[PDB]
Amino acid sequence: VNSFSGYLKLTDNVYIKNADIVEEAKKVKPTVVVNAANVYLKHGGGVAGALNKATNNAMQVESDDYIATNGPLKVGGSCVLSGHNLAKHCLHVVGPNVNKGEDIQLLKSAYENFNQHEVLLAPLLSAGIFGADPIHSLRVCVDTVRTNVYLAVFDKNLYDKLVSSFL
Ligand SMILES: C[C@@H]1CCC[C@@](O)(CNc2ncnc3[nH]ccc23)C1
Ligand SMILES: [Cl-]
């Protein structure tokens, strides 16, 4: 039993809700919140910009030190950093950005990072400003993640289309 509330159950291990991931994180304080990161951990917009703003830029400060030490992530890769005031940990995961020409097949590799954590609060990878089809992203999530994932979909209209079209 966990403290996630109001989710629809899609499969044994995947759940979905219309919610602002920032407000969800502040309420649940989950063990792991997933950020929709880029390889430079430049949290300028989308989910990343919103999460970073909620940390008063502490996420960006930590991220800049991470990059200065380790260099950029790989597309499809991840790193674990602090969750600041939002969660215990933040799993920064880089899904392919279609608006940069990146290979959509890497979306499965991106979701594989979730399997290293028993429970996560997460957005749909490569959705939003990353340019991929969110219906496809949900399908890859369900077919790749085996741990317990709670998906926050900010757009209510998008949420209803994902539920109604889910196979
Ligand atoms: C319009 C987007 C389409 C793709 C799926 C999204 O859910 C991804 N963006 C977000 N998801 C959850 N919480 C968020 N807070 C701020 C941004 C954000 C919504
Ligand atoms: Cl977005």
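One is the number of the first residue; the rest follow in order along the sequence. Atoms within each ligand, like the ligands themselves, are counted from 1 in listed order. Heavy atoms only: backbone and side chains are in, while hydrogens, waters and symmetry mates are out.
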With a cut-off of 4.0 Å, which atoms of ligand 1 are near a heavy atom of [X]?
| X | result |
| --- | --- |
| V153 | 7 (O) |
| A50 | 16 (C) |
| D20 | 15 (N) |

Review point. Considering only heavy atoms from C-beta outward, does the side chain of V32 approach that of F114 to under 4.5 Å?
Key: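 Answer no - side chains too far apart.
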Review point. Tell me, do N97 and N38 make a side-chain contact under 4.5 Å, heavy atoms counted?
Key: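 No, too far: nothing below the 4.5 Å cut-off.
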Point to revise | Aromatic ring pairing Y7/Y150, orientation class (parallel under 30°, perpendicular over 60°, tilted between) | key: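 The rings of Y7 and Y150 stand perpendicular, inter-plane angle above 60°.
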**Study point:** Heavy-atom donor-acceptor pair, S164 side chain to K161 backbone, under 3.5 Å
**Key:**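 It does not hold such a pair.
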Exercise for review: State whether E24 and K27 are salt-bridged, where the test is any N-O pair (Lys NZ or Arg NE/NH1/NH2 against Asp/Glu carboxylate O) under 4.0 Å.
Suggested key: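 Judged by the 4.0 Å cut-off on N to carboxylate O distance, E24 and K27 do not form a salt bridge.
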Return the residue, atom name and 0.1 Å-rounded distance of the protein heavy atom closest to [atom].
| atom | result |
| --- | --- |
| atom 14 (C) of ligand 1 | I21 CG2, 3.5 Å |
| atom 4 (C) of ligand 1 | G128 N, 2.9 Å |
| atom 1 (C) of ligand 1 | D155 CB, 4.3 Å |

Exercise for review: Kindly confirm or rule out an N or O of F154 lying under 3.5 angstrom from an N or O of ligand 1.
Suggested key: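 Such a contact does occur with ligand 1.
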Check your understanding: Under 4.0 angstrom from ligand 1, any heavy atom of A152?
Key ->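 Heavy atoms of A152 do come under 4.0 Å of ligand 1.
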Review point. Among the heavy atoms of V47, does any lie under 4.0 Å from an atom of ligand 1?
Key: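 Under 4.0 Å: yes for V47.
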Contacts under 3.5 angstrom, residues 129-144 side chains, donor-acceptor by atom type, not counting sequence neighbours:
| unit_1 | atom_1 | unit_2 | atom_2 | d |
| --- | --- | --- | --- | --- |
| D133 | OD1 | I135 | N | 3.0 |
| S137 | OG | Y111 | OH | 2.7 |
| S137 | OG | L125 | N | 3.4 |
| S137 | OG | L125 | O | 2.6 |
| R139 | NE | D143 | OD2 | 3.2 |
| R139 | NH2 | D143 | OD1 | 3.0 |
| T144 | OG1 | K108 | NZ | 2.9 |
| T144 | OG1 | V140 | O | 2.7 |

Check your understanding: So which heavy atom on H92 is nearest to which on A37, and how close?
Key ->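 Taking every non-hydrogen atom into account, CB-CB, 3.9 Å.
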Practice item. Between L158 and ligand 1, find which residue part has any heavy-atom pair under 4.0 Å and reply side chain, backbone, both or neither. Key: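 The answer is the side chain of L158.
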